[PDB]
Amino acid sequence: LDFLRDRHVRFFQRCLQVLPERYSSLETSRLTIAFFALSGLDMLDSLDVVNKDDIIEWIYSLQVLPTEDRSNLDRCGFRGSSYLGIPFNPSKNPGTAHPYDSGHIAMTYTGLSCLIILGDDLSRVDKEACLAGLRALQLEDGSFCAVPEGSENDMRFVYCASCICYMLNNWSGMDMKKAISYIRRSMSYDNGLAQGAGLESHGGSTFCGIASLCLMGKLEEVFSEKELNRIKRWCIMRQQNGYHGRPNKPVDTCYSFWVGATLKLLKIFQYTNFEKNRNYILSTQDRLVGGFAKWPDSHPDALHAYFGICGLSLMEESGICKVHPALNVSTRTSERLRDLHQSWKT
């Protein structure tokens, strides 16, 4: 049918306010829920309905700053929320020591990302500390972990590392040669990219891999023309009407972005069928509460609401800003970031 823009704006507004205890399992990643909402409002050109200054202070209260003795550099970055009980501090005073307080790579990424969307200039971000923390997360095989205490490692975090280095406009945060090696080794026999070597290729990891290379500006240099053609074939085969993440799996709204954005980066999204994709995405739209779901007649959530909108954006939906397919922010925001980088270079 049609895009209920105002309804989606209210939906994101609610997300930034208060959630039911049934969402307690998102506690440690509240910052990424905030990102979905803010970036979502940005994409609909409605950031005006929120108090940018209040939110910026909240975000800065999530930064893990280096202590007086700077003995915790390997653990700096951002927290997903305040669940540890550390006293509110919007990056004003120095870091308060705590045996288990450290950043999370996906939170450092969405955190910096949110600050830029809100207009902040990142002056209160301890760039060197963040990059130090990032370096500490990389493994021998080139991939990354989410936290210094240890976690699983895969393509998801390689993408996070890439976005962080790109936004801070400094690649000292990683050993790019090893990361590229990891990305190459994840290519499957069917030509898609998996979470890691030998694993089943997947739409999510393919996006993470390709987007990471584009952010490093080395797509052409890492994959041959023959290889890129095979990857393109794998990606475009994902469209059934909407998109699925793996062969023989049911379509899911968020893949309209994961795969769609990959196709855009490979410059062949233009050859996909727009109408069937748009029709599928809209069929998952909740006309009553707003937002989108993974499947039609299913409950909506912040993740699918955001990615469904970015999916629509890829096709230039009337009323939605153009999304930067590799950085995952609006192109308007990516432009402001370009200016920010230029200003630093003085």
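The first residue of the shown sequence is 1; numbering continues from there.
**Student:** Would you determine, from the values in the PDB entry, which of 154 to 162 and 123 to 131 has the greater average C-alpha temperature factor?
**Tutor:** It is 123 to 131 that shows the higher mean C-alpha B-factor.
**Student:** Out of 95 to 103 and 188 to 196, which one has CA B-factors that are higher on average in the deposited record?
**Tutor:** Going by the record's values, the stretch with the higher mean is 95 to 103.
**Student:** Which of these, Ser256, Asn89, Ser143, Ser205, has its C-alpha atom at the highest B-factor, as the entry lists it?
**Tutor:** By C-alpha B-factor in the record, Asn89 ranks first.
**Student:** Quick one: which of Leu288, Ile281, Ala302, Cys310 shows the highest Cα temperature factor in the PDB entry?
**Tutor:** Comparing C-alpha B-factors across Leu288, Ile281, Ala302, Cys310, the maximum falls on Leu288.
**Student:** Please say which third, lowest, middle or highest, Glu220 falls into when its CA temperature factor is compared across its chain.
**Tutor:** According to the entry, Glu220 has a C-alpha B-factor in the chain's highest third.
**Student:** Taking the C-alpha B-factors as the PDB entry records them, is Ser39 in the lowest, middle or highest third of its chain?
**Tutor:** Bottom third by C-alpha B-factor.
**Student:** Can you tell me which third, lowest, middle or highest, the CA B-factor of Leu112 falls into for its chain?
**Tutor:** Lowest third.
**Student:** Among all modelled residues of this chain, ranked by Cα B factor, put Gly77 in the bottom, middle or top third, i.e. lowest, middle or highest.
**Tutor:** Its C-alpha B-factor, which the entry lists for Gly77, ranks in the middle third among residues of this chain.
**Student:** Taking the C-alpha B-factors as the PDB entry records them, is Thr28 in the lowest, middle or highest third of its chain?
**Tutor:** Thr28: CA B-factor falls in the middle third of its chain.
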